[PDB]
Amino acid sequence: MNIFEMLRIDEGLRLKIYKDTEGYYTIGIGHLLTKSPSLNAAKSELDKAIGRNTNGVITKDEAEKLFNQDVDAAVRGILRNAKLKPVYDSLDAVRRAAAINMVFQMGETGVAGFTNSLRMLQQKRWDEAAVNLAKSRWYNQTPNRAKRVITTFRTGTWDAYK
Ligand SMILES: Fc1c(F)c(F)c(I)c(F)c1F
């Protein structure tokens, strides 16, 4: 198991434009295209991302290309953030994957609300952190995924992903 296999499980793989859990146009392995309700706007974002006129369909290779870029971008974003970098650096590699997973899903807009969780994670108060993480819109809207990510933070194992 690793961050790629982990996010592949959590995001799935779809080669045509679909709406994510929040109703936003998405493609591939959870590559958010736009929050705009316009399918045409979404198709434009896709074409821009892939570098060709796609008409809303991509290949597995192209999906994997975007995915690698997205994971890379998520990690790079963590390291460039003053409030995130020290917590990330404090973690072991398994829990770092759990951090990347959350950033991938919600971005730094969504991660901003998790200040108290981050503090408990840096303190290595794993059970307390796990309890705090669940007290969130995130947990309530995507409980099965959140439970997997939280278990990963609680245990520092891949048990929730087999
Ligand atoms: F740096 C970090 C993040 F950006 C993050 F989202 C989470 I959840 C973390 F647990 C973390 F350590």
# chains A, B, ... in the order shown; residues from 1 in each chain; ligands from 1
$ residues_near_ligand --ligand "ligand 1" --cutoff "8 Å" --atoms "only C-alpha atoms and all ligand atoms" --output "mmCIF file with C-alpha atoms, in the first residue's frame"
data_model
loop_
_atom_site.group_PDB
_atom_site.id
_atom_site.type_symbol
_atom_site.label_atom_id
_atom_site.label_comp_id
_atom_site.auth_asym_id
_atom_site.auth_seq_id
_atom_site.Cartn_x
_atom_site.Cartn_y
_atom_site.Cartn_z
ATOM 1 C CA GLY A 77 1.163 22.417 -1.216
ATOM 2 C CA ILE A 78 1.587 20.950 2.277
ATOM 3 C CA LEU A 79 5.314 21.763 2.310
ATOM 4 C CA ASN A 81 2.178 25.995 3.945
ATOM 5 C CA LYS A 83 0.734 25.756 9.330
ATOM 6 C CA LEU A 84 0.913 22.374 7.604
ATOM 7 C CA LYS A 85 4.620 21.678 7.017
ATOM 8 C CA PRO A 86 5.638 21.137 10.682
ATOM 9 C CA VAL A 87 2.738 18.735 11.350
ATOM 10 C CA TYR A 88 3.488 16.816 8.146
ATOM 11 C CA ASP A 89 7.222 16.608 8.947
ATOM 12 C CA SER A 90 6.376 15.315 12.435
ATOM 13 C CA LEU A 91 4.522 12.298 10.983
ATOM 14 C CA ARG A 95 0.316 8.952 8.472
ATOM 15 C CA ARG A 96 1.829 11.342 5.907
ATOM 16 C CA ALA A 98 -3.326 10.058 5.347
ATOM 17 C CA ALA A 99 -2.476 13.797 5.371
ATOM 18 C CA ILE A 100 -2.033 13.856 1.573
ATOM 19 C CA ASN A 101 -5.352 12.019 1.187
ATOM 20 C CA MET A 102 -7.227 14.768 3.086
ATOM 21 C CA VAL A 103 -5.476 17.576 1.147
ATOM 22 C CA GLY A 107 -7.650 21.285 -0.528
ATOM 23 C CA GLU A 108 -6.151 23.887 1.800
ATOM 24 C CA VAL A 111 -7.895 21.727 5.632
ATOM 25 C CA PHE A 114 -8.656 21.175 11.049
ATOM 26 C CA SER A 117 -6.869 17.999 14.810
ATOM 27 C CA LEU A 118 -3.434 18.963 13.450
ATOM 28 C CA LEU A 121 -1.596 14.830 15.455
ATOM 29 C CA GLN A 122 1.664 16.721 16.072
ATOM 30 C CA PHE A 153 -4.012 8.346 11.516
#
$ residues_around --residues "residue A:141" --least-positions-apart "6" --cutoff "12 Å" --atoms "only C-alpha atoms" --output "PDB file with N, CA and C atoms, in the first residue's frame"
ATOM      1  N   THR A  21     -18.663  13.740  -5.085  1.00  0.00           N
ATOM      2  CA  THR A  21     -19.584  13.637  -3.951  1.00  0.00           C
ATOM      3  C   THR A  21     -20.290  14.963  -3.649  1.00  0.00           C
ATOM      4  N   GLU A  22     -19.652  16.073  -4.022  1.00  0.00           N
ATOM      5  CA  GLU A  22     -20.209  17.408  -3.793  1.00  0.00           C
ATOM      6  C   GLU A  22     -21.011  17.933  -4.993  1.00  0.00           C
ATOM      7  N   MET A 106     -10.002  17.822  -0.066  1.00  0.00           N
ATOM      8  CA  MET A 106     -10.619  19.075   0.374  1.00  0.00           C
ATOM      9  C   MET A 106      -9.822  20.332   0.050  1.00  0.00           C
ATOM     10  N   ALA A 134     -13.267  13.309  13.451  1.00  0.00           N
ATOM     11  CA  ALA A 134     -14.628  12.869  13.124  1.00  0.00           C
ATOM     12  C   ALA A 134     -15.686  13.944  13.394  1.00  0.00           C
ATOM     13  N   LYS A 135     -15.329  14.947  14.196  1.00  0.00           N
ATOM     14  CA  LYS A 135     -16.232  16.052  14.499  1.00  0.00           C
ATOM     15  C   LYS A 135     -16.137  17.086  13.380  1.00  0.00           C
ATOM     16  N   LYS A 147     -13.560   7.418   7.840  1.00  0.00           N
ATOM     17  CA  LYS A 147     -13.239   6.333   8.773  1.00  0.00           C
ATOM     18  C   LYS A 147     -11.929   5.629   8.402  1.00  0.00           C
TER      19      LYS A 147
END
$ atom_distance --atom1 "atom CA of residue A:53" --atom2 "atom CA of residue A:72"
24.6 Å
$ residues_around --residues "stretch 46-51 of chain A" --least-positions-apart "4" --cutoff "12 Å" --atoms "only C-alpha atoms" --output "MDAnalysis selection string"
chainID A and resid 15:18 25:28 31:34 39:42 55:59 61:67 69:70
$ closest_residue --among "A:154, A:60, A:80, A:52" --to "residue A:12" --atoms "only C-alpha atoms"
A:60
$ atom_distance --atom1 "atom CA of residue A:113" --atom2 "atom CA of residue A:144"
20.0 Å
$ closest_residue --among "A:13, A:150, A:120, A:7" --to "residue A:105" --atoms "only C-alpha atoms"
A:7
$ select_by_dssp --residues "chain A" --states "strand (DSSP E or B)" --output "JSON, numbers by chain"
{"A": [14, 15, 16, 17, 18, 19, 25, 26, 27, 28, 31, 32, 57]}
$ write_last_selection --atoms "N, CA, C and O atoms" --output "mmCIF file, in the first residue's frame"
data_model
loop_
_atom_site.group_PDB
_atom_site.id
_atom_site.type_symbol
_atom_site.label_atom_id
_atom_site.label_comp_id
_atom_site.auth_asym_id
_atom_site.auth_seq_id
_atom_site.Cartn_x
_atom_site.Cartn_y
_atom_site.Cartn_z
ATOM 1 N N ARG A 14 -12.679 6.793 -13.305
ATOM 2 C CA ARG A 14 -13.709 6.973 -14.330
ATOM 3 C C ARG A 14 -13.176 7.819 -15.489
ATOM 4 O O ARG A 14 -12.582 8.874 -15.273
ATOM 5 N N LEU A 15 -13.384 7.344 -16.716
ATOM 6 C CA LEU A 15 -12.755 7.948 -17.897
ATOM 7 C C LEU A 15 -13.618 8.974 -18.630
ATOM 8 O O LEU A 15 -13.176 9.581 -19.611
ATOM 9 N N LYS A 16 -14.846 9.156 -18.152
ATOM 10 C CA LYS A 16 -15.738 10.193 -18.658
ATOM 11 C C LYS A 16 -16.088 11.150 -17.523
ATOM 12 O O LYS A 16 -16.121 10.750 -16.352
ATOM 13 N N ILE A 17 -16.355 12.406 -17.872
ATOM 14 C CA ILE A 17 -16.745 13.419 -16.889
ATOM 15 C C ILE A 17 -17.930 12.953 -16.035
ATOM 16 O O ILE A 17 -18.969 12.533 -16.566
ATOM 17 N N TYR A 18 -17.742 13.017 -14.716
ATOM 18 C CA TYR A 18 -18.767 12.666 -13.732
ATOM 19 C C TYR A 18 -18.818 13.730 -12.629
ATOM 20 O O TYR A 18 -17.926 14.574 -12.529
ATOM 21 N N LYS A 19 -19.864 13.695 -11.810
ATOM 22 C CA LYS A 19 -19.961 14.599 -10.673
ATOM 23 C C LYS A 19 -19.457 13.905 -9.416
ATOM 24 O O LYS A 19 -19.832 12.760 -9.134
ATOM 25 N N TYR A 25 -18.098 18.655 -11.334
ATOM 26 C CA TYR A 25 -17.534 17.949 -12.478
ATOM 27 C C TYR A 25 -16.089 17.533 -12.233
ATOM 28 O O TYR A 25 -15.255 18.332 -11.793
ATOM 29 N N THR A 26 -15.828 16.263 -12.515
ATOM 30 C CA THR A 26 -14.591 15.591 -12.152
ATOM 31 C C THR A 26 -14.297 14.543 -13.231
ATOM 32 O O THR A 26 -15.194 14.149 -13.978
ATOM 33 N N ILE A 27 -13.045 14.109 -13.332
ATOM 34 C CA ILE A 27 -12.698 13.004 -14.227
ATOM 35 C C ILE A 27 -11.520 12.212 -13.651
ATOM 36 O O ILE A 27 -10.848 12.675 -12.726
ATOM 37 N N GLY A 28 -11.290 11.021 -14.197
ATOM 38 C CA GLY A 28 -10.118 10.216 -13.850
ATOM 39 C C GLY A 28 -10.189 9.716 -12.425
ATOM 40 O O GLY A 28 -11.220 9.197 -11.989
ATOM 41 N N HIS A 31 -9.918 13.798 -10.185
ATOM 42 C CA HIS A 31 -9.410 15.091 -10.652
ATOM 43 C C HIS A 31 -10.559 16.091 -10.821
ATOM 44 O O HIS A 31 -11.301 16.045 -11.804
ATOM 45 N N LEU A 32 -10.698 16.988 -9.847
ATOM 46 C CA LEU A 32 -11.713 18.034 -9.901
ATOM 47 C C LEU A 32 -11.451 18.958 -11.091
ATOM 48 O O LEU A 32 -10.339 19.474 -11.256
ATOM 49 N N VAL A 57 -13.911 12.828 -22.609
ATOM 50 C CA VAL A 57 -13.416 11.459 -22.434
ATOM 51 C C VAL A 57 -11.892 11.429 -22.511
ATOM 52 O O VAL A 57 -11.293 12.059 -23.387
#
$ select_by_dssp --residues "stretch 70-160 of chain A" --states "helix (DSSP H, G or I)" --output "JSON, numbers by chain"
{"A": [70, 71, 72, 73, 74, 75, 76, 77, 78, 79, 80, 85, 86, 87, 88, 89, 90, 93, 94, 95, 96, 97, 98, 99, 100, 101, 102, 103, 104, 105, 106, 107, 108, 109, 110, 111, 112, 113, 114, 115, 116, 117, 118, 119, 120, 121, 122, 126, 127, 128, 129, 130, 131, 132, 133, 134, 137, 138, 139, 140, 141, 143, 144, 145, 146, 147, 148, 149, 150, 151, 152, 153, 154, 155, 159, 160]}
$ atom_distance --atom1 "atom CA of residue A:8" --atom2 "atom CA of residue A:29"
6.4 Å
$ residues_around --residues "residue A:145" --least-positions-apart "6" --cutoff "10 Å" --atoms "only C-alpha atoms" --output "count of residues only"
9
$ decode --residues "stretch 98-125 of chain A" --atoms "N, CA, C and O atoms" --output "PDB file, in the first residue's frame"
ATOM      1  N   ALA A  98      -2.004   9.644   4.870  1.00  0.00           N
ATOM      2  CA  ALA A  98      -3.326  10.058   5.347  1.00  0.00           C
ATOM      3  C   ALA A  98      -3.523  11.579   5.234  1.00  0.00           C
ATOM      4  O   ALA A  98      -4.606  12.043   4.859  1.00  0.00           O
ATOM      5  N   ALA A  99      -2.467  12.341   5.531  1.00  0.00           N
ATOM      6  CA  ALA A  99      -2.476  13.797   5.371  1.00  0.00           C
ATOM      7  C   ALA A  99      -2.677  14.217   3.912  1.00  0.00           C
ATOM      8  O   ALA A  99      -3.484  15.113   3.620  1.00  0.00           O
ATOM      9  N   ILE A 100      -1.936  13.574   3.009  1.00  0.00           N
ATOM     10  CA  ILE A 100      -2.033  13.856   1.573  1.00  0.00           C
ATOM     11  C   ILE A 100      -3.442  13.550   1.074  1.00  0.00           C
ATOM     12  O   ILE A 100      -4.014  14.328   0.303  1.00  0.00           O
ATOM     13  N   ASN A 101      -3.990  12.426   1.531  1.00  0.00           N
ATOM     14  CA  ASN A 101      -5.352  12.019   1.187  1.00  0.00           C
ATOM     15  C   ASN A 101      -6.366  13.136   1.472  1.00  0.00           C
ATOM     16  O   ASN A 101      -7.150  13.506   0.591  1.00  0.00           O
ATOM     17  N   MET A 102      -6.330  13.678   2.689  1.00  0.00           N
ATOM     18  CA  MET A 102      -7.227  14.768   3.086  1.00  0.00           C
ATOM     19  C   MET A 102      -7.044  16.017   2.217  1.00  0.00           C
ATOM     20  O   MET A 102      -8.023  16.592   1.740  1.00  0.00           O
ATOM     21  N   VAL A 103      -5.790  16.424   2.006  1.00  0.00           N
ATOM     22  CA  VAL A 103      -5.476  17.576   1.147  1.00  0.00           C
ATOM     23  C   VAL A 103      -5.999  17.381  -0.279  1.00  0.00           C
ATOM     24  O   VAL A 103      -6.598  18.297  -0.863  1.00  0.00           O
ATOM     25  N   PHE A 104      -5.769  16.188  -0.825  1.00  0.00           N
ATOM     26  CA  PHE A 104      -6.291  15.795  -2.135  1.00  0.00           C
ATOM     27  C   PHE A 104      -7.807  16.026  -2.209  1.00  0.00           C
ATOM     28  O   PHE A 104      -8.310  16.593  -3.185  1.00  0.00           O
ATOM     29  N   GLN A 105      -8.523  15.605  -1.168  1.00  0.00           N
ATOM     30  CA  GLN A 105      -9.982  15.646  -1.179  1.00  0.00           C
ATOM     31  C   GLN A 105     -10.579  17.041  -0.979  1.00  0.00           C
ATOM     32  O   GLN A 105     -11.548  17.400  -1.654  1.00  0.00           O
ATOM     33  N   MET A 106     -10.002  17.822  -0.066  1.00  0.00           N
ATOM     34  CA  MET A 106     -10.619  19.075   0.374  1.00  0.00           C
ATOM     35  C   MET A 106      -9.822  20.332   0.050  1.00  0.00           C
ATOM     36  O   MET A 106     -10.353  21.446   0.115  1.00  0.00           O
ATOM     37  N   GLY A 107      -8.544  20.155  -0.278  1.00  0.00           N
ATOM     38  CA  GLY A 107      -7.650  21.285  -0.528  1.00  0.00           C
ATOM     39  C   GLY A 107      -7.324  22.032   0.753  1.00  0.00           C
ATOM     40  O   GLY A 107      -7.793  21.674   1.836  1.00  0.00           O
ATOM     41  N   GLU A 108      -6.521  23.083   0.635  1.00  0.00           N
ATOM     42  CA  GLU A 108      -6.151  23.887   1.800  1.00  0.00           C
ATOM     43  C   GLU A 108      -7.295  24.762   2.332  1.00  0.00           C
ATOM     44  O   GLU A 108      -7.269  25.191   3.489  1.00  0.00           O
ATOM     45  N   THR A 109      -8.297  25.006   1.489  1.00  0.00           N
ATOM     46  CA  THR A 109      -9.557  25.614   1.928  1.00  0.00           C
ATOM     47  C   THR A 109     -10.263  24.719   2.955  1.00  0.00           C
ATOM     48  O   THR A 109     -10.721  25.194   4.004  1.00  0.00           O
ATOM     49  N   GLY A 110     -10.333  23.424   2.649  1.00  0.00           N
ATOM     50  CA  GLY A 110     -10.983  22.450   3.519  1.00  0.00           C
ATOM     51  C   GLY A 110     -10.146  22.082   4.728  1.00  0.00           C
ATOM     52  O   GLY A 110     -10.688  21.782   5.795  1.00  0.00           O
ATOM     53  N   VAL A 111      -8.824  22.106   4.561  1.00  0.00           N
ATOM     54  CA  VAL A 111      -7.895  21.727   5.632  1.00  0.00           C
ATOM     55  C   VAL A 111      -7.787  22.811   6.721  1.00  0.00           C
ATOM     56  O   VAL A 111      -7.503  22.501   7.881  1.00  0.00           O
ATOM     57  N   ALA A 112      -8.044  24.066   6.349  1.00  0.00           N
ATOM     58  CA  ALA A 112      -7.985  25.201   7.283  1.00  0.00           C
ATOM     59  C   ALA A 112      -8.760  24.986   8.593  1.00  0.00           C
ATOM     60  O   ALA A 112      -8.324  25.426   9.661  1.00  0.00           O
ATOM     61  N   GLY A 113      -9.901  24.305   8.508  1.00  0.00           N
ATOM     62  CA  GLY A 113     -10.742  24.065   9.682  1.00  0.00           C
ATOM     63  C   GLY A 113     -10.205  23.028  10.660  1.00  0.00           C
ATOM     64  O   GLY A 113     -10.721  22.897  11.771  1.00  0.00           O
ATOM     65  N   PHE A 114      -9.164  22.301  10.259  1.00  0.00           N
ATOM     66  CA  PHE A 114      -8.656  21.175  11.049  1.00  0.00           C
ATOM     67  C   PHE A 114      -7.497  21.508  11.990  1.00  0.00           C
ATOM     68  O   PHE A 114      -6.775  20.613  12.431  1.00  0.00           O
ATOM     69  N   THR A 115      -7.354  22.789  12.321  1.00  0.00           N
ATOM     70  CA  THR A 115      -6.297  23.279  13.220  1.00  0.00           C
ATOM     71  C   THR A 115      -6.128  22.456  14.508  1.00  0.00           C
ATOM     72  O   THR A 115      -5.010  22.075  14.873  1.00  0.00           O
ATOM     73  N   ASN A 116      -7.238  22.173  15.185  1.00  0.00           N
ATOM     74  CA  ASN A 116      -7.193  21.442  16.446  1.00  0.00           C
ATOM     75  C   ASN A 116      -6.802  19.972  16.274  1.00  0.00           C
ATOM     76  O   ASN A 116      -6.108  19.410  17.121  1.00  0.00           O
ATOM     77  N   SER A 117      -7.264  19.363  15.182  1.00  0.00           N
ATOM     78  CA  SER A 117      -6.869  17.999  14.810  1.00  0.00           C
ATOM     79  C   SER A 117      -5.364  17.928  14.555  1.00  0.00           C
ATOM     80  O   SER A 117      -4.684  17.030  15.049  1.00  0.00           O
ATOM     81  N   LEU A 118      -4.859  18.888  13.784  1.00  0.00           N
ATOM     82  CA  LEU A 118      -3.434  18.963  13.450  1.00  0.00           C
ATOM     83  C   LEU A 118      -2.559  19.051  14.692  1.00  0.00           C
ATOM     84  O   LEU A 118      -1.509  18.414  14.766  1.00  0.00           O
ATOM     85  N   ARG A 119      -2.995  19.848  15.662  1.00  0.00           N
ATOM     86  CA  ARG A 119      -2.265  19.994  16.919  1.00  0.00           C
ATOM     87  C   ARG A 119      -2.169  18.653  17.641  1.00  0.00           C
ATOM     88  O   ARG A 119      -1.097  18.270  18.109  1.00  0.00           O
ATOM     89  N   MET A 120      -3.286  17.928  17.714  1.00  0.00           N
ATOM     90  CA  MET A 120      -3.293  16.618  18.372  1.00  0.00           C
ATOM     91  C   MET A 120      -2.440  15.598  17.619  1.00  0.00           C
ATOM     92  O   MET A 120      -1.790  14.753  18.239  1.00  0.00           O
ATOM     93  N   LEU A 121      -2.446  15.682  16.292  1.00  0.00           N
ATOM     94  CA  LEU A 121      -1.596  14.830  15.455  1.00  0.00           C
ATOM     95  C   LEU A 121      -0.113  15.104  15.695  1.00  0.00           C
ATOM     96  O   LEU A 121       0.673  14.168  15.814  1.00  0.00           O
ATOM     97  N   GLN A 122       0.266  16.379  15.779  1.00  0.00           N
ATOM     98  CA  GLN A 122       1.664  16.721  16.072  1.00  0.00           C
ATOM     99  C   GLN A 122       2.090  16.270  17.479  1.00  0.00           C
ATOM    100  O   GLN A 122       3.249  15.904  17.698  1.00  0.00           O
ATOM    101  N   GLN A 123       1.140  16.282  18.414  1.00  0.00           N
ATOM    102  CA  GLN A 123       1.369  15.794  19.779  1.00  0.00           C
ATOM    103  C   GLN A 123       1.390  14.267  19.863  1.00  0.00           C
ATOM    104  O   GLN A 123       1.736  13.705  20.906  1.00  0.00           O
ATOM    105  N   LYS A 124       1.005  13.605  18.769  1.00  0.00           N
ATOM    106  CA  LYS A 124       0.896  12.139  18.703  1.00  0.00           C
ATOM    107  C   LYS A 124      -0.139  11.584  19.693  1.00  0.00           C
ATOM    108  O   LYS A 124       0.024  10.500  20.260  1.00  0.00           O
ATOM    109  N   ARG A 125      -1.219  12.340  19.881  1.00  0.00           N
ATOM    110  CA  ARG A 125      -2.329  11.887  20.708  1.00  0.00           C
ATOM    111  C   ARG A 125      -3.346  11.257  19.768  1.00  0.00           C
ATOM    112  O   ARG A 125      -4.377  11.854  19.447  1.00  0.00           O
TER     113      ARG A 125
END
